[PDB]
Amino acid sequence: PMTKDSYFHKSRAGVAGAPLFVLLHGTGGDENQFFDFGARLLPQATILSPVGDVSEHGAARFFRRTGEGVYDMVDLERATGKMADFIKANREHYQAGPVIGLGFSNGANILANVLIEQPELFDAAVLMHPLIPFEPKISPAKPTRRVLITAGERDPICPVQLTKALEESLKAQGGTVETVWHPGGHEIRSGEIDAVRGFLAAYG
């Protein structure tokens, strides 16, 4: 490999100075899950969509859970470090401006940890049904950071209290944080997609 090529991924070269839009699929998805979704969203962002590097007999993800589902913290740290680099490296390559990310479930989770470990990398992030189990140590982000969390209130995978708590954690780094709830489960509602559209409209 090379360094911006560190994940296998789809890409659509955008205008110089325009956002780097990185989108991260859920467990079981891949590089085409979110690609055109976000091409459509930021008509001229440079767009970047990797397939995760862990395979869970078949289903691809961005970091390892043990059997019966508990996150592997060494692998998560490994993957967070890989993502960060991958993003910085493509920033260079396309001469992109703001970095924006969007993730669903497992993908919002790797993205959330980046928000935590590199608090100053992202300008905007949308977390779709995140699950963060631990309590993040808090480092300050950029006052312009904007984050959107979308969540289900009967999501058997994402306990309300943990979403509510991730919310406050990010909110303490600085920037804004907005959570849009729906009754209902792990599914993305059309209402979530709306809020996504309204949220990223500030960026182009």
# chains A, B, ... in the order shown; residues from 1 in each chain; ligands from 1

$ select_by_dssp --residues "stretch 82-156 of chain A" --states "alpha helix (DSSP H)" --output "list in words"
residues 82, 83, 84, 85, 86, 87, 88, 89, 90, 91, 92, 93, 94, 106, 107, 108, 109, 110, 111, 112, 113, 114, 115, 116 and 117 of chain A

$ write_last_selection --atoms "N, CA and C atoms" --output "PDB file, in the first residue's frame"
ATOM      1  N   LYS A  82      -5.146   4.658  12.414  1.00  0.00           N
ATOM      2  CA  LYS A  82      -5.131   4.430  10.953  1.00  0.00           C
ATOM      3  C   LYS A  82      -6.044   5.424  10.235  1.00  0.00           C
ATOM      4  N   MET A  83      -7.322   5.485  10.631  1.00  0.00           N
ATOM      5  CA  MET A  83      -8.260   6.508  10.151  1.00  0.00           C
ATOM      6  C   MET A  83      -7.741   7.937  10.150  1.00  0.00           C
ATOM      7  N   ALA A  84      -7.281   8.404  11.310  1.00  0.00           N
ATOM      8  CA  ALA A  84      -6.715   9.732  11.401  1.00  0.00           C
ATOM      9  C   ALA A  84      -5.712   9.960  10.259  1.00  0.00           C
ATOM     10  N   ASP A  85      -4.741   9.058  10.123  1.00  0.00           N
ATOM     11  CA  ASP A  85      -3.673   9.212   9.150  1.00  0.00           C
ATOM     12  C   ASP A  85      -4.198   9.272   7.731  1.00  0.00           C
ATOM     13  N   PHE A  86      -5.068   8.305   7.430  1.00  0.00           N
ATOM     14  CA  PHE A  86      -5.766   8.152   6.183  1.00  0.00           C
ATOM     15  C   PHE A  86      -6.450   9.471   5.866  1.00  0.00           C
ATOM     16  N   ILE A  87      -7.251   9.980   6.783  1.00  0.00           N
ATOM     17  CA  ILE A  87      -7.879  11.281   6.566  1.00  0.00           C
ATOM     18  C   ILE A  87      -6.858  12.436   6.336  1.00  0.00           C
ATOM     19  N   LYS A  88      -5.920  12.686   7.250  1.00  0.00           N
ATOM     20  CA  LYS A  88      -4.860  13.702   7.040  1.00  0.00           C
ATOM     21  C   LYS A  88      -4.142  13.579   5.672  1.00  0.00           C
ATOM     22  N   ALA A  89      -3.895  12.328   5.269  1.00  0.00           N
ATOM     23  CA  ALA A  89      -3.118  12.033   4.068  1.00  0.00           C
ATOM     24  C   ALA A  89      -3.927  12.382   2.818  1.00  0.00           C
ATOM     25  N   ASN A  90      -5.243  12.163   2.853  1.00  0.00           N
ATOM     26  CA  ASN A  90      -6.113  12.533   1.720  1.00  0.00           C
ATOM     27  C   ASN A  90      -6.413  14.015   1.648  1.00  0.00           C
ATOM     28  N   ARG A  91      -6.632  14.639   2.802  1.00  0.00           N
ATOM     29  CA  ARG A  91      -6.531  16.082   2.950  1.00  0.00           C
ATOM     30  C   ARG A  91      -5.361  16.622   2.082  1.00  0.00           C
ATOM     31  N   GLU A  92      -4.134  16.165   2.302  1.00  0.00           N
ATOM     32  CA  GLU A  92      -3.004  16.598   1.472  1.00  0.00           C
ATOM     33  C   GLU A  92      -3.294  16.339   0.006  1.00  0.00           C
ATOM     34  N   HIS A  93      -3.556  15.083  -0.336  1.00  0.00           N
ATOM     35  CA  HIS A  93      -3.628  14.677  -1.717  1.00  0.00           C
ATOM     36  C   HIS A  93      -4.582  15.517  -2.550  1.00  0.00           C
ATOM     37  N   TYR A  94      -5.827  15.643  -2.086  1.00  0.00           N
ATOM     38  CA  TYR A  94      -6.867  16.465  -2.777  1.00  0.00           C
ATOM     39  C   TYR A  94      -6.874  17.971  -2.456  1.00  0.00           C
ATOM     40  N   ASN A 106     -21.374   1.086  13.657  1.00  0.00           N
ATOM     41  CA  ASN A 106     -19.932   0.784  13.776  1.00  0.00           C
ATOM     42  C   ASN A 106     -19.029   1.849  13.199  1.00  0.00           C
ATOM     43  N   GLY A 107     -19.510   2.506  12.140  1.00  0.00           N
ATOM     44  CA  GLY A 107     -18.813   3.589  11.510  1.00  0.00           C
ATOM     45  C   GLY A 107     -18.929   4.885  12.307  1.00  0.00           C
ATOM     46  N   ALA A 108     -20.076   5.155  12.951  1.00  0.00           N
ATOM     47  CA  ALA A 108     -20.144   6.341  13.801  1.00  0.00           C
ATOM     48  C   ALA A 108     -19.223   6.140  15.005  1.00  0.00           C
ATOM     49  N   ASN A 109     -18.956   4.874  15.318  1.00  0.00           N
ATOM     50  CA  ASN A 109     -18.190   4.544  16.515  1.00  0.00           C
ATOM     51  C   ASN A 109     -16.713   4.819  16.333  1.00  0.00           C
ATOM     52  N   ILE A 110     -16.174   4.476  15.159  1.00  0.00           N
ATOM     53  CA  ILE A 110     -14.767   4.763  14.865  1.00  0.00           C
ATOM     54  C   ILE A 110     -14.621   6.286  14.685  1.00  0.00           C
ATOM     55  N   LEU A 111     -15.686   6.893  14.194  1.00  0.00           N
ATOM     56  CA  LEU A 111     -15.639   8.311  13.926  1.00  0.00           C
ATOM     57  C   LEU A 111     -15.725   9.061  15.249  1.00  0.00           C
ATOM     58  N   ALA A 112     -16.628   8.627  16.131  1.00  0.00           N
ATOM     59  CA  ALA A 112     -16.698   9.202  17.447  1.00  0.00           C
ATOM     60  C   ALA A 112     -15.342   9.128  18.141  1.00  0.00           C
ATOM     61  N   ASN A 113     -14.668   7.977  18.144  1.00  0.00           N
ATOM     62  CA  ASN A 113     -13.344   7.876  18.824  1.00  0.00           C
ATOM     63  C   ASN A 113     -12.304   8.844  18.192  1.00  0.00           C
ATOM     64  N   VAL A 114     -12.377   9.061  16.875  1.00  0.00           N
ATOM     65  CA  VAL A 114     -11.498  10.067  16.285  1.00  0.00           C
ATOM     66  C   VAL A 114     -11.791  11.458  16.849  1.00  0.00           C
ATOM     67  N   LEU A 115     -13.066  11.852  16.876  1.00  0.00           N
ATOM     68  CA  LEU A 115     -13.499  13.085  17.550  1.00  0.00           C
ATOM     69  C   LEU A 115     -12.923  13.249  18.940  1.00  0.00           C
ATOM     70  N   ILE A 116     -12.774  12.121  19.649  1.00  0.00           N
ATOM     71  CA  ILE A 116     -12.195  12.089  20.986  1.00  0.00           C
ATOM     72  C   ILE A 116     -10.677  12.147  21.025  1.00  0.00           C
ATOM     73  N   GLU A 117     -10.008  11.435  20.123  1.00  0.00           N
ATOM     74  CA  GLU A 117      -8.548  11.299  20.235  1.00  0.00           C
ATOM     75  C   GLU A 117      -7.817  12.389  19.452  1.00  0.00           C
TER      76      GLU A 117
END

$ residues_around --residues "residue A:76" --least-positions-apart "3" --cutoff "8 Å" --atoms "only C-alpha atoms" --output "NGL selection string"
:A and (63-64 or 71-73 or 79-80 or 110)

$ write_last_selection --atoms "N, CA and C atoms" --output "PDB file, in the first residue's frame"
ATOM      1  N   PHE A  63     -13.209  -2.147  13.373  1.00  0.00           N
ATOM      2  CA  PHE A  63     -12.392  -2.547  14.550  1.00  0.00           C
ATOM      3  C   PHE A  63     -13.035  -3.719  15.221  1.00  0.00           C
ATOM      4  N   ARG A  64     -12.290  -4.425  16.049  1.00  0.00           N
ATOM      5  CA  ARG A  64     -12.753  -5.714  16.539  1.00  0.00           C
ATOM      6  C   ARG A  64     -13.536  -5.680  17.838  1.00  0.00           C
ATOM      7  N   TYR A  71     -16.083  -4.317  22.743  1.00  0.00           N
ATOM      8  CA  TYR A  71     -15.007  -3.723  21.937  1.00  0.00           C
ATOM      9  C   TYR A  71     -13.589  -4.066  22.381  1.00  0.00           C
ATOM     10  N   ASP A  72     -12.767  -4.435  21.395  1.00  0.00           N
ATOM     11  CA  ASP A  72     -11.331  -4.597  21.569  1.00  0.00           C
ATOM     12  C   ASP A  72     -10.678  -3.197  21.571  1.00  0.00           C
ATOM     13  N   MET A  73     -10.188  -2.779  22.741  1.00  0.00           N
ATOM     14  CA  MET A  73      -9.624  -1.438  22.908  1.00  0.00           C
ATOM     15  C   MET A  73      -8.254  -1.203  22.235  1.00  0.00           C
ATOM     16  N   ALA A  79      -7.080   1.376  14.997  1.00  0.00           N
ATOM     17  CA  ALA A  79      -7.920   1.757  13.860  1.00  0.00           C
ATOM     18  C   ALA A  79      -8.158   3.253  13.837  1.00  0.00           C
ATOM     19  N   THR A  80      -8.211   3.815  15.037  1.00  0.00           N
ATOM     20  CA  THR A  80      -8.369   5.251  15.210  1.00  0.00           C
ATOM     21  C   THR A  80      -7.137   5.938  14.661  1.00  0.00           C
ATOM     22  N   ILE A 110     -16.174   4.476  15.159  1.00  0.00           N
ATOM     23  CA  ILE A 110     -14.767   4.763  14.865  1.00  0.00           C
ATOM     24  C   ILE A 110     -14.621   6.286  14.685  1.00  0.00           C
TER      25      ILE A 110
END

$ residues_around --residues "stretch 3-17 of chain A" --least-positions-apart "4" --cutoff "6 Å" --atoms "only C-alpha atoms" --output "ChimeraX atom specification"
/A:31,44-51,86,89-90,95-97

$ write_last_selection --atoms "C-alpha atoms" --output "PDB file, in the first residue's frame"
ATOM      1  CA  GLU A  31     -17.552   1.322   0.363  1.00  0.00           C
ATOM      2  CA  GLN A  44     -18.582  19.195  -4.774  1.00  0.00           C
ATOM      3  CA  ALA A  45     -16.894  17.910  -1.670  1.00  0.00           C
ATOM      4  CA  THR A  46     -14.069  15.542  -2.297  1.00  0.00           C
ATOM      5  CA  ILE A  47     -15.600  12.232  -1.245  1.00  0.00           C
ATOM      6  CA  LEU A  48     -13.996   9.373   0.402  1.00  0.00           C
ATOM      7  CA  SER A  49     -15.551   6.042   1.374  1.00  0.00           C
ATOM      8  CA  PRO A  50     -13.500   3.112   2.720  1.00  0.00           C
ATOM      9  CA  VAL A  51     -14.437  -0.486   3.417  1.00  0.00           C
ATOM     10  CA  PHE A  86      -5.766   8.152   6.183  1.00  0.00           C
ATOM     11  CA  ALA A  89      -3.118  12.033   4.068  1.00  0.00           C
ATOM     12  CA  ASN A  90      -6.113  12.533   1.720  1.00  0.00           C
ATOM     13  CA  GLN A  95      -5.906  19.790  -1.096  1.00  0.00           C
ATOM     14  CA  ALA A  96      -9.270  19.617   0.657  1.00  0.00           C
ATOM     15  CA  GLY A  97     -10.527  22.112   3.258  1.00  0.00           C
TER      16      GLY A  97
END

$ residues_around --residues "residue A:135" --least-positions-apart "3" --cutoff "10 Å" --atoms "only C-alpha atoms" --output "list in words"
residues 132, 138, 162, 165, 166 and 169 of chain A

$ residues_around --residues "stretch 175-191 of chain A" --least-positions-apart "4" --cutoff "6 Å" --atoms "only C-alpha atoms" --output "JSON, numbers by chain"
{"A": [143, 144, 145, 146, 147, 148, 149, 150, 151, 152, 153, 154, 155, 171]}

$ write_last_selection --atoms "N, CA and C atoms" --output "mmCIF file, in the first residue's frame"
data_model
loop_
_atom_site.group_PDB
_atom_site.id
_atom_site.type_symbol
_atom_site.label_atom_id
_atom_site.label_comp_id
_atom_site.auth_asym_id
_atom_site.auth_seq_id
_atom_site.Cartn_x
_atom_site.Cartn_y
_atom_site.Cartn_z
ATOM 1 N N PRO A 143 -13.909 25.572 18.229
ATOM 2 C CA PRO A 143 -15.213 26.165 18.579
ATOM 3 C C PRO A 143 -16.232 26.034 17.454
ATOM 4 N N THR A 144 -15.743 25.774 16.238
ATOM 5 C CA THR A 144 -16.584 25.678 15.068
ATOM 6 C C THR A 144 -17.033 24.243 14.838
ATOM 7 N N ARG A 145 -16.502 23.285 15.586
ATOM 8 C CA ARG A 145 -16.938 21.906 15.394
ATOM 9 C C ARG A 145 -18.436 21.866 15.513
ATOM 10 N N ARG A 146 -19.066 21.089 14.657
ATOM 11 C CA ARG A 146 -20.489 20.872 14.770
ATOM 12 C C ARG A 146 -20.702 19.392 14.705
ATOM 13 N N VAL A 147 -21.401 18.846 15.702
ATOM 14 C CA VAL A 147 -21.849 17.479 15.566
ATOM 15 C C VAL A 147 -23.341 17.185 15.691
ATOM 16 N N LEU A 148 -23.763 16.251 14.829
ATOM 17 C CA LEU A 148 -25.127 15.728 14.820
ATOM 18 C C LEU A 148 -25.180 14.269 15.257
ATOM 19 N N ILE A 149 -25.943 13.975 16.296
ATOM 20 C CA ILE A 149 -26.209 12.592 16.644
ATOM 21 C C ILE A 149 -27.660 12.262 16.319
ATOM 22 N N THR A 150 -27.877 11.146 15.629
ATOM 23 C CA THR A 150 -29.218 10.683 15.367
ATOM 24 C C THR A 150 -29.342 9.356 16.071
ATOM 25 N N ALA A 151 -30.480 9.117 16.685
ATOM 26 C CA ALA A 151 -30.582 7.941 17.525
ATOM 27 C C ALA A 151 -32.008 7.388 17.740
ATOM 28 N N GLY A 152 -32.088 6.121 18.115
ATOM 29 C CA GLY A 152 -33.396 5.537 18.293
ATOM 30 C C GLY A 152 -33.626 5.470 19.781
ATOM 31 N N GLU A 153 -34.836 5.694 20.224
ATOM 32 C CA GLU A 153 -34.933 5.511 21.627
ATOM 33 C C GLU A 153 -35.220 4.064 22.084
ATOM 34 N N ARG A 154 -35.469 3.127 21.158
ATOM 35 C CA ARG A 154 -35.666 1.702 21.528
ATOM 36 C C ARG A 154 -34.754 0.776 20.747
ATOM 37 N N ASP A 155 -33.570 1.315 20.541
ATOM 38 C CA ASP A 155 -32.547 0.734 19.764
ATOM 39 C C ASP A 155 -31.890 -0.286 20.660
ATOM 40 N N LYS A 171 -20.075 17.442 23.846
ATOM 41 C CA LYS A 171 -20.545 18.772 24.106
ATOM 42 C C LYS A 171 -19.542 19.481 24.975
#

$ residues_around --residues "residue A:37" --least-positions-apart "3" --cutoff "12 Å" --atoms "only C-alpha atoms" --output "list in words"
residues 21, 22, 23, 24, 25, 31, 32, 33, 34, 40, 41, 42, 43, 47, 48, 49, 102, 103, 193, 196 and 197 of chain A

$ select_by_dssp --residues "stretch 9-159 of chain A" --states "strand (DSSP E)" --output "ChimeraX atom specification"
/A:9-12,20-24,46-50,54-56,59-61,99-104,124-128,146-152

$ atom_distance --atom1 "atom CA of residue A:203" --atom2 "atom CA of residue A:124"
8.9 Å
